[PDB]
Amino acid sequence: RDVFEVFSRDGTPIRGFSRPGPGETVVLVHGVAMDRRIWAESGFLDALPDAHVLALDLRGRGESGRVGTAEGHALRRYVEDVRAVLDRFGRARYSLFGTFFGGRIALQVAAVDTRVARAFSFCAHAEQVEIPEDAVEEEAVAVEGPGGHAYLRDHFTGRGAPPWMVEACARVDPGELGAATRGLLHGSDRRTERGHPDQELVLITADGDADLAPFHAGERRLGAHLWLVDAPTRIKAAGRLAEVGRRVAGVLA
């Protein structure tokens, strides 16, 4: 593996690693309370034997630049972070894969960047959502305070999240957990669009998902393909991420 640095539109440095391979170039986008280490820890990276893999730390996570403001964590800024990675490696075609809010980011990159040939959204759909301002602000307060890592650990543990997902929370600065949560009130509620007719768009979730309706709506509206994994909830579906990587490798082959 090699490390890289690029700069987002707003000057934020975005750091990541490149795992060379002769195959398709795949760009991995983690979720809010994660960093780039989840790709190896989940077994997703091992599932792609041939791909050239690019894995970034989003702004404010891991080795990337600090942000510490709500608007700095707007969805459009994450999109700019990913597009900067696409620039650095200079390809005409990329396949994007994102977990949870990372999936929403990957879909939005696909909407605006014609270099995205495929986008996979793991446990996030593409539809408009109603975000309660009160509840999100309350969650921001819970996660940014001294008890914030414990709050996330206890909740993810109680909902059956894999250990790597529980453990990743404690690697995120509490201030960036709060800012990223508030950032959701700056654009993340809108639906995503199809970028080009030839794009391959895939949504993945638990067959037990209590709200599959918006995933079906992406099938109809975007022509997306819906993949299911055996799990009673979205969070527990994260235990199947390596298996999903094997299915991605089949598509890339």
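In this text, residue numbers run from 1 along the sequence as written.
Annotation for 143-151 versus 67-75: the higher mean temperature factor (C-alpha) is found in 143-151. Set 79-87 against 160-168 and average the Cα temperature factors; 160-168 ends up higher. The entry assigns its greatest Cα B factor, within the set 200, 41, 57, 207, to 200. As recorded in the entry, 186 carries the highest CA temperature factor of 216, 186, 37, 52. In this PDB entry, the Cα temperature factor of residue 118 sits in the middle third of its chain's modelled residues.
Sort the modelled residues of the chain by CA B factor and residue 27 lands in the lowest third. Per-chain ranking of the deposited C-alpha B factor places residue 110 in the lowest third. Among the modelled residues of its chain, residue 174 has a C-alpha B-factor that falls in the highest third according to the deposited record. Annotation for residue 19: C-alpha temperature factor in the middle third relative to the rest of the modelled chain, per the entry.
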